[PDB]
């Protein structure tokens, strides 16, 4: 029944400094649905953040897309904070262009 989320941080299009884009945090394969997800800019929580509608796979586990428009710069770092009942501690996955 209980399942740990799998977390992916990535951009919609290949990142290009100075060009607006979308930062995605995709969480899938988890259960139950109650889950906390934040997108971080240099550690600061981002407020204007959208998420998709709750849905599930053939095994009943859930998936969600959290996303926000952004403009990547060379120096700025982005990450995703996920908190879920299966994690002994909130997990922070850093956005890696590579």
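Residue numbers count along the first chain shown, from 1.
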(request) Would you mind comparing 45 to 53 and 27 to 35 for me and telling me which has the higher average C-alpha temperature factor in the entry? (result) 45 to 53
(request) Mind pulling up the entry and telling me whether 2 to 10 or 88 to 96 has the higher mean Cα temperature factor? (result) 88 to 96
(request) Taking the chain's C-alpha temperature factors as the reference, tell me which third residue 80 falls into: lowest, middle or highest. (result) middle
(message) By the recorded C-alpha temperature factor, relative to the other modelled residues in its chain, which third is residue 61 in?
(response) lowest
